[PDB]
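A lone chain, given as structure tokens: the form deposited in one PDB entry.
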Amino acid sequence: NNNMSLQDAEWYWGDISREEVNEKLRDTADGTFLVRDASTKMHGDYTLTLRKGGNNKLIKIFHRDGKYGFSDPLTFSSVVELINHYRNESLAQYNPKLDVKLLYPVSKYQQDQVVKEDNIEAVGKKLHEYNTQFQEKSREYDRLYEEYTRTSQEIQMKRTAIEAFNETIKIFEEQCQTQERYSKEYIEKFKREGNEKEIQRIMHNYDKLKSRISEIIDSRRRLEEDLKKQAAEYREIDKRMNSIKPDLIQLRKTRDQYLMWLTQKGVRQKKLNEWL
């Protein structure tokens, strides 16, 4: 009741690497904790990972003379008794600055009730079919990302082209003001004398500037419309990836959960490796 073997404890997880511990405590509430074997692998260490203040603490359960504890006085019969003492009380007694009541242990049994088809045959088919779903979904996501990155580059060079078009149009526009102002003092002299050749050439080529400048504006106009069309598709490509990412993550975790479940139950992965 109060004190059974540490093996049959919902919070004890055995031997899990610190990489696995962090992912289980990630984005969890304050007070969540789980016991596990120490990194050194020496018998009787039982590091107690704790989550307080957004940080994942780490407290080692020292062992000496068949007794366990945190400080040098090991006044506890076993790990279960020691943890249970702090499950109903805060750790301020152990450390003045450490305030937590070890509320929410990460029970290993809860994840158990997520897998069905306890028989080997059914799990083999589900995991194999899930890998096809996970692999197909991942491939589809991979295709979108390359399109998303590719489309990002295309729009960037479209923005620069429009930026350059502003400079070119500005030069022609500015020169028109300068050209018109320049043709102000000699225009009267041309009108005074009957020289039609100068008028035709001045007007003929002056319109050429208008024609050339008009073409520049039209060319820029098409680019802006193309940029708008390209930009809209850029968001649509982004929309698909945003809605595919959450589904891919869930499939990957569920697929991994089945894979570990099969291996843990005394099954060599060589048979599963060919199953894929």
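In case it trips you up, residue 1 is the first one in the sequence shown, and so on. Residues that one form lacks are left out of the comparison. Superpose the two forms; the largest set of C-alphas matching within 1.5 Å is the rigid core.
The same protein also exists as the form deposited in another entry; that form is not shown, yet it is the one meant from here on.
Only one of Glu146, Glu81, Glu154, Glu188 has its Cα shifted by 2 Å or more between this form and the one not shown after fitting on the core, and that residue is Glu188. Remark: with the core as the superposition reference, the CA shift of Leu103 between this form and the one not shown stays below 2 Å. Superposition of the core reveals a Cα shift of less than 2 Å for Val21 between this form and the one not shown. After superposition on the rigid core, the stretches of at least three consecutive residues with Cα shifts of 2 Å or more between this form and the one not shown are 183-192, 196-201, 262-264, 266-270.
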